[PDB]
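Student: Mind looking over this structure? Questions follow.
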Amino acid sequence: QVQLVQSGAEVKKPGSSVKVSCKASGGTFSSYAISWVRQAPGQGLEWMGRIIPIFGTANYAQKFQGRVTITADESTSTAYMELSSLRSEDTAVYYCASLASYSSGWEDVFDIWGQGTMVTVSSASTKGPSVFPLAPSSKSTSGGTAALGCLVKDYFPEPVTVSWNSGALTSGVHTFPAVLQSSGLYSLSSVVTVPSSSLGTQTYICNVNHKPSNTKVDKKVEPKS
Amino acid sequence: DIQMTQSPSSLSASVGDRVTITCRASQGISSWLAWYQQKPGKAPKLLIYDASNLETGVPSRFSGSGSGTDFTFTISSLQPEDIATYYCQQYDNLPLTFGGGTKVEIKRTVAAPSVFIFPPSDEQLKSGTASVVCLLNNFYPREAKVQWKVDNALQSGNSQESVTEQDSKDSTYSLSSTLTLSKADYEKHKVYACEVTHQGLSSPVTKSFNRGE
Amino acid sequence: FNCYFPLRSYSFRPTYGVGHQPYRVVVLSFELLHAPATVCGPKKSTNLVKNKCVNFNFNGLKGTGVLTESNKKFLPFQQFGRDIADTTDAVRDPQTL
Amino acid sequence: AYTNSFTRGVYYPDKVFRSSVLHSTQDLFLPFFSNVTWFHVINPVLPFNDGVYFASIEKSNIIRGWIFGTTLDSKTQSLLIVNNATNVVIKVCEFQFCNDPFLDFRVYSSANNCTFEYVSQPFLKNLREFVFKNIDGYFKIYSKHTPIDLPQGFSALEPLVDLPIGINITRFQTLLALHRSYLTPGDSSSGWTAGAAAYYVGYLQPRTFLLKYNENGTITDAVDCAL
Amino acid sequence: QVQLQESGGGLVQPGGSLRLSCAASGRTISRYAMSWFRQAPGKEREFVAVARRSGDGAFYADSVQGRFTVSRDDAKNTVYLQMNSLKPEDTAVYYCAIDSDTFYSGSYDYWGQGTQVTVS
Ligand SMILES: *[C@@H]1O[C@H](CO)[C@@H](O)[C@H](O)[C@H]1NC(C)=O
Ligand SMILES: *[C@@H]1O[C@H](CO)[C@@H](O)[C@H](O)[C@H]1NC(C)=O
Ligand SMILES: *[C@@H]1O[C@H](CO)[C@@H](O)[C@H](O)[C@H]1NC(C)=O
Ligand SMILES: *[C@@H]1O[C@H](CO)[C@@H](O)[C@H](O)[C@H]1NC(C)=O
């Protein structure tokens with residue numbers, strides 16, 4: 001088997017330089033090759049460079065030549081990429097790929113990635129989310145059912161997990177993608193639906209965990225009549 | 001440099017229907033063109049690397065052909081788990097160029113949205129900011145008008161929207177919008193409302209709440 | 001010390017001369033010992049005519065004579081017919097049967 | 001169990017059309033009135049001498065194919081013949097085979113890395129005949145099918161296939177496809193209340209036969225010169 | 001306003017085929033997708049078919065997709081819907097509607113007028 005292991009979340013100010021890693025394992029390291037790719041929240045793919053660690057040869061895209069460098073060392077069994085002139089547009093998910101397609105008739109296409117590293121470039125600073133619940137009214141019920149939820153605001157940096165703590169209580173839970181404020185802070189929304197026989201009395205509690213610092217935040221939602 | 005395009009940009013068909021797509025490139029070639037199966041934020045799966053060629057492990061469910069500047073890519077059958085975006089890639093030369101994408105999804109009968117609105121709370125207003133959310137749940141089409149009607153008057157240019165992908169379990173789709181205001185502008189008005197109209201709905205729907213209650 | 005790269009890339013480009021261009025080459029090897037020969041080169045190289053003397057070859061069967069349409073009913077698996085004392089009376093056409 | 005073979009077992013020797021002619025042919029033939037091995041399928045490994053004559057009578061296609069080889073194992077070359085629902089598949093594989101190959105699970109072989117492959121149309125209360133010869137560097141097959149113990153009526157076998165394989169064949173076995181049986185080779189000859197089906201095995205010998213050709217080039221009678 | 005009305009329909013024998021016609025005037029027809037709707041006697045409304053500019057075939061509902069076909073004429077504002085091998089189930093009142101939103105992907109049910117179609 002062949003596998004790739006990537007680092008955790010990394011963030012830096014604009015105009016800086018950053019180091020990233022891609023740990024390779026399994027089989028023989030000398031027979032593998034590594035490539036790097038970037039994936040935004042819906043923009044097209046970008047390919048940074050390519051290296052053959054056994055032989056040390058590398059090449060680049062015109063967009064990233066000069067400003068980016070790759071080094072890989074067998075002894076540490078990981079591949080490295082060097083980045084410079086970071087800017088806000090670099091905020092995306094950064095992936096490392098293995099190009100095994102060079103020695104068996106399969107040519108110049110990857111078939112293995114790691115777990116992917118999310119990256120962000122902003123002037124903000126790390127801090128936890130701000131959460132506030134809402135109070136639906138009984139007159140607002142629809143078809144004998146109602147919904148409750150929470151909004152997550154003012155957290156940085158990502159990734160962020162928004163959910164309800166545990167159990168089947170999560171029935172009818174529904175969440176939507178994140179948005180980024182002009183101040184440099186992320187946001188999220190969540191909702192859960194409840195029938196008449198369980199709304200209010202169930203005492204629903206929304207939860208958030210800012211795993212870059214592993215800070216847990218929770219809040220209660222209460223209807224009214 | 002090499003540039004390419006894909007047409008059409010989106011496909012919709014029922015479960016088990018045949019699907020086909022085509023990709024165009026700048027220069028005429030007969031090999032060294034690839035195809036990919038990609039989903040939002042997920043890893044592509046390789047199906048074709050050279051014109052009409054595939055590896056061990058590629059399912060027989062995919063195929064491709066063509067010559068010159070136009071190459072076709074066909075899928076024998078569609079299922080809900082296949083909701084993804086097909087892509088063409090080319091590597092005759094080092095400046096690898098990647099396709100414009102073609103969405104593929106599931107056709108279904110019209111589903112009426114479940115409509116609800118999301119009035120503010122006190123802790124929200126104490127921060128100086130005000131916002132309200134209007135949600136449409138499990139409706140088929142890509143968008144349905146979510147109109148803010150503060151004081152029974154239409155509003156525009158002051159809301160944010162978020163979107164979900166098609167639900168593979170039942171091929172439905174959801175949408176919502178979020179109004180934003182300051183507490184002063186919030187209290188300048190008295191009645192809040194959101195209106196929804198939809199293809200499967202009998203008539204326009206209005207949901208509202210008031211500052212005095 | 002050196003730890004060289006055992007392979008190398010041709011890096012073909014227009015600036016290179018004919019001695020450094022991508023010749024796609026195929027080479028064939030053949031075997032002939034203990035041969036129930038399954039591979040044969042020559043094609044049909046065939047022509048036909050009837051009602052006059054002609055030297056004829058039918059998958060071999062070298063002979064001379066005049067060929068005319070027959071009325072004998074050959075079985076599907078039979079190729080050539082013989083009269084009394086093994087005289088080749090009729091032959092099935094390899095192409096038209 | 002043994003039973004006598006009637007004039008059955010003759011075949012067209014040399015693909016040459018002859019009409020109203022008596023031809024003295026010296027080839028491998030099944031001697032007239034020879035006692036032949038009789039088995040009930042309602043499949044042991046049997047020696048493959050200079051020739052083998054095979055026949056079967058059944059209504060639900062229990063007999064489905066044959067298998068041959070020098071050692072009849074992966075240690076050397078081997079040949080397989082099997083009839084599918086719509087096609088007959090032939091391969092010379094040297095594969096390792098099951099103790100009692102059963103087809104339904106497809107319990108036929110343990111491993112296959114074949115070298116020669118071929119496919120053609122299928123063979124199809126009904127009486128079936130097969131003959132196998134290996135005089136030259138090829139494997140020859142003859143067969144015939146008629147509606148219907150071996151009847152006393154006459155029948156001449158027509159050539160069916162002439163495979164260009166020069167492997168050593170000394171042992172052979174028959175494939176069975178009863179309605180139900182175990183999915184593993186750990187047992188044999190059990191699994192269902194199969195109907196009345198049986199097959200016969202007869203061995204050819206060097207013999208001189210006088211074959212009678214009618215006006216249409218079909219063999220209608222034969223004489224065994226040593227009987 | 002976006003006025004629209006039908007023509008045709010009426011009485012036909014079961015198992016036959018007939019054409020339903022719908023037309024408009026005084027306004028541009030291209031900037032909206034043109035759809036169709038159905039109501040069985042006393043039953044709720046139900047979408048039938050719709051046509052678009054690109055001409056990439058059409059879109060239909062479950063009850064009508066495998067039997068019926070739809071078409072439109074952008075240069076004359078005339079749109080048509082085909083009925084094939086009518087059955088007792090399809091005896092109903094049909095509506096001609098505009099997907100009343102400029103160059104829009106979805107649709108909004110603005111039915112202009114309707115007529116009855118019945119099987120003898
Ligand atoms: C050979 O080709 C000719 C012309 O197509 C055809 O008439 C004839 O039947 C063919 N014979 C065989 C044996 O394929
Ligand atoms: C085939 O091989 C077996 C096993 O080696 C041997 O006993 C037999 O004599 C061989 N037959 C021929 C015809 O060579
Ligand atoms: C297949 O297996 C046999 C052993 O049964 C071996 O001798 C042979 O080299 C293998 N490969 C081929 C192509 O026969
Ligand atoms: C030869 O075949 C024809 C046609 O089937 C038949 O009429 C004739 O009787 C046959 N010849 C003999 C000797 O039976």
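By convention here, the chains of the structure tokens are called A, B, ... in the order presented, each chain's residues are numbered starting at 1, and ligands are numbered starting at 1 in the order presented.
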Kindly provide, as number ranges by chain, the residues of chain C having any atom no farther than 9 Å from an atom of chain A, counting only C-alpha atoms.

Tutor: C: 3-6

Student: Produce as an mmCIF file with N, CA, C and O atoms, in the first residue's frame the set of residues near ligand 2, where near means within 12 Å with only C-alpha atoms and all ligand atoms considered.

Tutor:
```cif
data_model
loop_
_atom_site.group_PDB
_atom_site.id
_atom_site.type_symbol
_atom_site.label_atom_id
_atom_site.label_comp_id
_atom_site.auth_asym_id
_atom_site.auth_seq_id
_atom_site.Cartn_x
_atom_site.Cartn_y
_atom_site.Cartn_z
ATOM 1 N N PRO D 47 -7.988 -42.834 -18.859
ATOM 2 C CA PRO D 47 -6.857 -42.724 -19.796
ATOM 3 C C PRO D 47 -7.334 -42.373 -21.197
ATOM 4 O O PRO D 47 -8.373 -42.856 -21.653
ATOM 5 N N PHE D 48 -6.566 -41.527 -21.879
ATOM 6 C CA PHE D 48 -6.842 -41.160 -23.266
ATOM 7 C C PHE D 48 -5.847 -41.887 -24.160
ATOM 8 O O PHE D 48 -4.741 -41.401 -24.406
ATOM 9 N N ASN D 49 -6.240 -43.061 -24.650
ATOM 10 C CA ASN D 49 -5.399 -43.830 -25.558
ATOM 11 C C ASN D 49 -5.507 -43.252 -26.964
ATOM 12 O O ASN D 49 -5.983 -42.126 -27.136
ATOM 13 N N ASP D 50 -5.050 -44.006 -27.969
ATOM 14 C CA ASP D 50 -4.997 -43.494 -29.337
ATOM 15 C C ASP D 50 -6.265 -42.740 -29.722
ATOM 16 O O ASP D 50 -6.208 -41.814 -30.540
ATOM 17 N N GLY D 51 -7.408 -43.110 -29.156
ATOM 18 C CA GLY D 51 -8.633 -42.388 -29.441
ATOM 19 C C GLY D 51 -9.691 -42.697 -28.407
ATOM 20 O O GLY D 51 -9.618 -43.695 -27.685
ATOM 21 N N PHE D 68 -8.923 -32.256 -20.857
ATOM 22 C CA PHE D 68 -7.848 -33.165 -21.226
ATOM 23 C C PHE D 68 -6.516 -32.614 -20.741
ATOM 24 O O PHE D 68 -6.398 -31.442 -20.375
ATOM 25 N N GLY D 69 -5.511 -33.482 -20.743
ATOM 26 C CA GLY D 69 -4.167 -33.079 -20.369
ATOM 27 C C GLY D 69 -3.280 -34.294 -20.215
ATOM 28 O O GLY D 69 -3.753 -35.424 -20.057
ATOM 29 N N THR D 70 -1.971 -34.041 -20.262
ATOM 30 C CA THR D 70 -1.003 -35.118 -20.074
ATOM 31 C C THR D 70 -1.046 -35.632 -18.641
ATOM 32 O O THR D 70 -1.339 -36.809 -18.396
ATOM 33 N N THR D 71 -0.754 -34.759 -17.678
ATOM 34 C CA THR D 71 -0.921 -35.083 -16.269
ATOM 35 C C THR D 71 -2.267 -34.633 -15.719
ATOM 36 O O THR D 71 -2.576 -34.923 -14.559
ATOM 37 N N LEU D 72 -3.071 -33.937 -16.524
ATOM 38 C CA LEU D 72 -4.374 -33.434 -16.091
ATOM 39 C C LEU D 72 -4.249 -32.553 -14.852
ATOM 40 O O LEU D 72 -5.107 -32.585 -13.965
ATOM 41 N N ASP D 73 -3.180 -31.762 -14.780
ATOM 42 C CA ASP D 73 -2.942 -30.900 -13.634
ATOM 43 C C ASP D 73 -2.118 -29.701 -14.077
ATOM 44 O O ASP D 73 -1.711 -29.594 -15.236
ATOM 45 N N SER D 74 -1.877 -28.793 -13.129
ATOM 46 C CA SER D 74 -1.107 -27.588 -13.415
ATOM 47 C C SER D 74 0.348 -27.885 -13.749
ATOM 48 O O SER D 74 1.038 -27.000 -14.269
ATOM 49 N N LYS D 75 0.833 -29.095 -13.466
ATOM 50 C CA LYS D 75 2.235 -29.414 -13.707
ATOM 51 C C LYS D 75 2.596 -29.390 -15.187
ATOM 52 O O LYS D 75 3.781 -29.271 -15.517
ATOM 53 N N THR D 76 1.616 -29.497 -16.081
ATOM 54 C CA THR D 76 1.892 -29.527 -17.510
ATOM 55 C C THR D 76 0.685 -28.977 -18.258
ATOM 56 O O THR D 76 -0.284 -28.507 -17.657
ATOM 57 N N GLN D 77 0.761 -29.044 -19.585
ATOM 58 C CA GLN D 77 -0.277 -28.466 -20.426
ATOM 59 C C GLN D 77 -1.572 -29.263 -20.322
ATOM 60 O O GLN D 77 -1.577 -30.444 -19.963
ATOM 61 N N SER D 78 -2.680 -28.599 -20.644
ATOM 62 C CA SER D 78 -3.999 -29.208 -20.557
ATOM 63 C C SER D 78 -4.945 -28.467 -21.491
ATOM 64 O O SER D 78 -4.662 -27.349 -21.929
ATOM 65 N N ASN D 134 -5.964 -37.433 -31.970
ATOM 66 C CA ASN D 134 -4.748 -36.631 -31.872
ATOM 67 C C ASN D 134 -3.620 -37.280 -32.667
ATOM 68 O O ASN D 134 -2.489 -37.407 -32.186
ATOM 69 N N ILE D 135 -3.916 -37.708 -33.896
ATOM 70 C CA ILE D 135 -2.905 -38.383 -34.707
ATOM 71 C C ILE D 135 -1.775 -37.430 -35.080
ATOM 72 O O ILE D 135 -0.608 -37.837 -35.142
ATOM 73 N N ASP D 136 -2.088 -36.164 -35.330
ATOM 74 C CA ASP D 136 -1.118 -35.174 -35.776
ATOM 75 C C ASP D 136 -0.992 -34.079 -34.718
ATOM 76 O O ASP D 136 -1.539 -34.183 -33.617
ATOM 77 N N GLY D 137 -0.262 -33.020 -35.060
ATOM 78 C CA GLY D 137 -0.099 -31.895 -34.158
ATOM 79 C C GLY D 137 -1.337 -31.027 -34.081
ATOM 80 O O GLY D 137 -1.257 -29.800 -34.192
ATOM 81 N N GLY D 166 -0.727 -28.900 -30.404
ATOM 82 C CA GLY D 166 0.090 -30.098 -30.367
ATOM 83 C C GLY D 166 0.492 -30.508 -28.966
ATOM 84 O O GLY D 166 1.619 -30.962 -28.746
ATOM 85 N N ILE D 167 -0.421 -30.353 -28.004
ATOM 86 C CA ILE D 167 -0.114 -30.734 -26.630
ATOM 87 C C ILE D 167 -0.267 -32.241 -26.454
ATOM 88 O O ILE D 167 -0.887 -32.941 -27.264
ATOM 89 N N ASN D 168 0.312 -32.746 -25.367
ATOM 90 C CA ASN D 168 0.176 -34.149 -24.999
ATOM 91 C C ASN D 168 -1.129 -34.331 -24.234
ATOM 92 O O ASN D 168 -1.352 -33.672 -23.212
ATOM 93 N N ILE D 169 -1.988 -35.220 -24.726
ATOM 94 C CA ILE D 169 -3.237 -35.573 -24.064
ATOM 95 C C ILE D 169 -3.203 -37.061 -23.754
ATOM 96 O O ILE D 169 -3.119 -37.892 -24.668
ATOM 97 N N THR D 170 -3.268 -37.397 -22.467
ATOM 98 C CA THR D 170 -3.273 -38.790 -22.028
ATOM 99 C C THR D 170 -4.362 -39.106 -21.016
ATOM 100 O O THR D 170 -4.706 -40.283 -20.862
ATOM 101 N N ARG D 171 -4.924 -38.116 -20.328
ATOM 102 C CA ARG D 171 -6.014 -38.316 -19.387
ATOM 103 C C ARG D 171 -7.106 -37.300 -19.683
ATOM 104 O O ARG D 171 -6.829 -36.188 -20.142
ATOM 105 N N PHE D 172 -8.352 -37.686 -19.421
ATOM 106 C CA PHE D 172 -9.478 -36.810 -19.706
ATOM 107 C C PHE D 172 -10.608 -37.088 -18.727
ATOM 108 O O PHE D 172 -10.653 -38.132 -18.072
#
```

Student: Please write out the residues within 6 Å of ligand 4 as a PyMOL selection string, counting only C-alpha atoms and all ligand atoms.

Tutor: chain D and resi 214-216

Student: Determine which residues of chain D sit within 6 Å of chain C, taking into account only C-alpha atoms, and present them as a ChimeraX atom specification.

Tutor: /D:15-18

Student: Please give me, as a VMD selection string, the residues lying within 12 Å of ligand 1 when counting only C-alpha atoms and all ligand atoms.

Tutor: chain C and resid 44 76 92 to 97

Student: Taking only C-alpha atoms into account, report as a PDB file with N, CA, C and O atoms, in the first residue's frame which residues of chain E lie within 9 Å of chain B.

Tutor:
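Contents of part.pdb, as written:
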```pdb
ATOM      1  N   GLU E  44     -56.147  19.153  -7.631  1.00  0.00           N
ATOM      2  CA  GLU E  44     -55.165  20.226  -7.569  1.00  0.00           C
ATOM      3  C   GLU E  44     -54.396  20.335  -8.883  1.00  0.00           C
ATOM      4  O   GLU E  44     -54.410  19.426  -9.718  1.00  0.00           O
ATOM      5  N   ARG E  45     -53.718  21.467  -9.057  1.00  0.00           N
ATOM      6  CA  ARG E  45     -52.965  21.714 -10.279  1.00  0.00           C
ATOM      7  C   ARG E  45     -51.706  20.858 -10.327  1.00  0.00           C
ATOM      8  O   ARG E  45     -51.146  20.485  -9.292  1.00  0.00           O
ATOM      9  N   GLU E  46     -51.262  20.546 -11.545  1.00  0.00           N
ATOM     10  CA  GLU E  46     -50.133  19.654 -11.768  1.00  0.00           C
ATOM     11  C   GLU E  46     -49.413  20.058 -13.048  1.00  0.00           C
ATOM     12  O   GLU E  46     -50.044  20.262 -14.089  1.00  0.00           O
ATOM     13  N   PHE E  47     -48.088  20.168 -12.962  1.00  0.00           N
ATOM     14  CA  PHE E  47     -47.284  20.600 -14.098  1.00  0.00           C
ATOM     15  C   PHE E  47     -47.220  19.509 -15.163  1.00  0.00           C
ATOM     16  O   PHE E  47     -47.233  18.313 -14.860  1.00  0.00           O
ATOM     17  N   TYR E  60     -40.659  17.445 -19.063  1.00  0.00           N
ATOM     18  CA  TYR E  60     -42.022  16.972 -18.877  1.00  0.00           C
ATOM     19  C   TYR E  60     -42.197  16.458 -17.456  1.00  0.00           C
ATOM     20  O   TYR E  60     -41.226  16.236 -16.727  1.00  0.00           O
ATOM     21  N   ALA E  61     -43.458  16.272 -17.074  1.00  0.00           N
ATOM     22  CA  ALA E  61     -43.789  15.665 -15.797  1.00  0.00           C
ATOM     23  C   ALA E  61     -43.862  14.147 -15.936  1.00  0.00           C
ATOM     24  O   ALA E  61     -43.846  13.594 -17.038  1.00  0.00           O
ATOM     25  N   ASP E  62     -43.951  13.471 -14.789  1.00  0.00           N
ATOM     26  CA  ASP E  62     -43.947  12.011 -14.792  1.00  0.00           C
ATOM     27  C   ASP E  62     -45.121  11.443 -15.578  1.00  0.00           C
ATOM     28  O   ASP E  62     -44.951  10.482 -16.338  1.00  0.00           O
ATOM     29  N   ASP E  99     -43.447  30.979 -17.470  1.00  0.00           N
ATOM     30  CA  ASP E  99     -42.460  30.961 -16.394  1.00  0.00           C
ATOM     31  C   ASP E  99     -42.041  32.411 -16.171  1.00  0.00           C
ATOM     32  O   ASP E  99     -40.987  32.874 -16.616  1.00  0.00           O
ATOM     33  N   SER E 105     -33.938  30.522 -14.631  1.00  0.00           N
ATOM     34  CA  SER E 105     -33.746  29.076 -14.643  1.00  0.00           C
ATOM     35  C   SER E 105     -34.981  28.346 -14.129  1.00  0.00           C
ATOM     36  O   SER E 105     -35.455  27.399 -14.766  1.00  0.00           O
ATOM     37  N   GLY E 106     -35.511  28.768 -12.984  1.00  0.00           N
ATOM     38  CA  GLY E 106     -36.709  28.165 -12.436  1.00  0.00           C
ATOM     39  C   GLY E 106     -37.959  28.613 -13.163  1.00  0.00           C
ATOM     40  O   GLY E 106     -37.904  28.943 -14.351  1.00  0.00           O
ATOM     41  N   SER E 107     -39.092  28.630 -12.466  1.00  0.00           N
ATOM     42  CA  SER E 107     -40.350  29.036 -13.074  1.00  0.00           C
ATOM     43  C   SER E 107     -41.317  29.491 -11.993  1.00  0.00           C
ATOM     44  O   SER E 107     -41.177  29.137 -10.820  1.00  0.00           O
ATOM     45  N   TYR E 108     -42.302  30.284 -12.407  1.00  0.00           N
ATOM     46  CA  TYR E 108     -43.369  30.763 -11.537  1.00  0.00           C
ATOM     47  C   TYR E 108     -44.681  30.680 -12.304  1.00  0.00           C
ATOM     48  O   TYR E 108     -44.778  31.171 -13.434  1.00  0.00           O
ATOM     49  N   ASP E 109     -45.685  30.059 -11.690  1.00  0.00           N
ATOM     50  CA  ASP E 109     -46.889  29.623 -12.391  1.00  0.00           C
ATOM     51  C   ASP E 109     -47.813  30.812 -12.629  1.00  0.00           C
ATOM     52  O   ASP E 109     -48.666  31.119 -11.790  1.00  0.00           O
TER      53      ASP E 109
END
```

Student: Enumerate the residues of segment 13-204 of chain D with a DSSP assignment of strand (DSSP E), computed from the backbone, and present them as a PyMOL selection string.

Tutor: chain D and resi 16-17+22-29+35-40+46-47+51-58+63-69+78-83+88-92+96-102+107-111+116-120+126-133+139-147+156-163+171-176+198-203

Student: Could you pull the residues within 12 Å of residue 179 of chain D, counting only C-alpha atoms, minus those fewer than 5 positions along the same chain, as a short mmCIF file (atom, residue, chain, number, x, y, z; two decimals) with C-alpha atoms, in the first residue's frame?

Tutor:
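part-v1.cif written:
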```
data_model
loop_
_atom_site.label_atom_id
_atom_site.label_comp_id
_atom_site.auth_asym_id
_atom_site.auth_seq_id
_atom_site.Cartn_x
_atom_site.Cartn_y
_atom_site.Cartn_z
CA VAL D 41 -24.50 -39.15 -14.30
CA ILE D 42 -27.90 -39.47 -12.59
CA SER D 60 -31.65 -31.60 -19.60
CA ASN D 61 -28.05 -31.13 -20.83
CA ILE D 62 -26.31 -32.57 -17.78
CA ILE D 63 -23.20 -33.30 -19.87
CA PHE D 102 -19.37 -28.92 -11.58
CA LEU D 103 -20.98 -26.11 -13.58
CA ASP D 104 -24.09 -24.10 -12.72
CA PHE D 105 -20.78 -21.21 -8.97
CA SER D 189 -21.84 -36.88 -7.44
CA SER D 190 -24.57 -35.50 -5.19
CA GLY D 191 -26.82 -32.50 -4.68
CA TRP D 192 -30.07 -33.05 -6.58
CA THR D 193 -32.55 -35.69 -7.72
CA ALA D 194 -31.17 -35.68 -11.25
CA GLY D 195 -33.04 -37.38 -14.06
#
```

Student: For atom CA of residue 172 of chain B and atom CA of residue 147 of chain A, determine how far apart the two atoms are, in Å to one decimal place.

Tutor: 18.8 Å

Student: Would you mind listing what lies within 12 Å of residue 10 of chain E as an MDAnalysis selection string, with only C-alpha atoms counted and same-chain residues fewer than 2 positions away left out?

Tutor: chainID E and resid 6:8 12:13 17:21 91:94 114:120

Student: Could the residues in this selection be written to a file with N, CA, C and O atoms, as a short mmCIF file (atom, residue, chain, number, x, y, z; two decimals), in the first residue's frame?

Tutor:
```cif
data_model
loop_
_atom_site.label_atom_id
_atom_site.label_comp_id
_atom_site.auth_asym_id
_atom_site.auth_seq_id
_atom_site.Cartn_x
_atom_site.Cartn_y
_atom_site.Cartn_z
N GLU E 6 -55.33 29.88 -24.66
CA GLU E 6 -55.27 28.62 -25.39
C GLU E 6 -56.27 28.60 -26.55
O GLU E 6 -57.08 29.51 -26.73
N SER E 7 -56.21 27.52 -27.33
CA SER E 7 -57.17 27.27 -28.39
C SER E 7 -57.12 25.80 -28.75
O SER E 7 -56.09 25.14 -28.61
N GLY E 8 -58.25 25.28 -29.22
CA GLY E 8 -58.36 23.88 -29.58
C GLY E 8 -58.99 23.03 -28.50
O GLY E 8 -59.89 23.49 -27.78
N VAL E 12 -62.73 14.25 -28.27
CA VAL E 12 -62.09 13.30 -29.17
C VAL E 12 -62.30 11.89 -28.61
O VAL E 12 -62.50 11.70 -27.41
N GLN E 13 -62.24 10.91 -29.50
CA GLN E 13 -62.44 9.53 -29.08
C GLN E 13 -61.26 9.04 -28.26
O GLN E 13 -60.12 9.49 -28.45
N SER E 17 -55.46 11.09 -30.96
CA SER E 17 -54.48 12.14 -30.73
C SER E 17 -55.05 13.48 -31.17
O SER E 17 -55.82 13.55 -32.13
N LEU E 18 -54.68 14.54 -30.46
CA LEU E 18 -55.17 15.87 -30.75
C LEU E 18 -54.13 16.89 -30.30
O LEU E 18 -53.28 16.60 -29.46
N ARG E 19 -54.21 18.09 -30.88
CA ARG E 19 -53.27 19.17 -30.60
C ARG E 19 -53.96 20.26 -29.79
O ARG E 19 -55.09 20.64 -30.08
N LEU E 20 -53.26 20.76 -28.77
CA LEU E 20 -53.69 21.93 -28.02
C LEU E 20 -52.80 23.11 -28.36
O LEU E 20 -51.57 22.99 -28.37
N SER E 21 -53.42 24.25 -28.65
CA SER E 21 -52.72 25.42 -29.14
C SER E 21 -52.82 26.56 -28.14
O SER E 21 -53.84 26.73 -27.45
N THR E 91 -58.81 13.21 -19.09
CA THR E 91 -59.92 14.14 -19.24
C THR E 91 -59.84 15.18 -18.12
O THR E 91 -60.12 14.87 -16.96
N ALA E 92 -59.46 16.40 -18.47
CA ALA E 92 -59.17 17.41 -17.46
C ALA E 92 -59.12 18.78 -18.12
O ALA E 92 -59.24 18.91 -19.34
N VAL E 93 -58.95 19.80 -17.28
CA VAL E 93 -58.78 21.18 -17.75
C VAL E 93 -57.31 21.53 -17.70
O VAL E 93 -56.64 21.33 -16.67
N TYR E 94 -56.79 22.05 -18.80
CA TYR E 94 -55.37 22.38 -18.92
C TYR E 94 -55.18 23.89 -18.96
O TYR E 94 -56.05 24.64 -19.41
N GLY E 114 -57.37 28.70 -19.65
CA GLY E 114 -57.47 27.25 -19.74
C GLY E 114 -58.68 26.82 -20.52
O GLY E 114 -59.62 27.60 -20.74
N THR E 115 -58.65 25.56 -20.95
CA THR E 115 -59.74 24.97 -21.71
C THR E 115 -59.87 23.50 -21.34
O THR E 115 -58.94 22.88 -20.81
N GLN E 116 -61.04 22.93 -21.62
CA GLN E 116 -61.32 21.55 -21.28
C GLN E 116 -61.01 20.62 -22.45
O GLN E 116 -61.25 20.97 -23.62
N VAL E 117 -60.48 19.45 -22.13
CA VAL E 117 -60.30 18.36 -23.09
C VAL E 117 -60.90 17.10 -22.48
O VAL E 117 -60.63 16.77 -21.32
N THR E 118 -61.73 16.41 -23.26
CA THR E 118 -62.49 15.27 -22.76
C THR E 118 -62.44 14.13 -23.77
O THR E 118 -62.31 14.36 -24.97
N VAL E 119 -62.55 12.91 -23.26
CA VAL E 119 -62.62 11.73 -24.11
C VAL E 119 -64.05 11.21 -24.11
O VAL E 119 -64.67 11.04 -23.05
N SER E 120 -64.58 10.96 -25.30
CA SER E 120 -65.95 10.48 -25.44
C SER E 120 -66.08 9.06 -24.91
O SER E 120 -65.08 8.37 -24.68
#
```

Student: As a list in words, please: every residue in segment 2-190 of chain B that DSSP puts in alpha helix (DSSP H).

Tutor: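 Alpha helix (DSSP H) assignments inside segment 2-190 of chain B correspond to residues 122, 123, 124, 125, 126, 183, 184, 185, 186, 187 and 188 of chain B.
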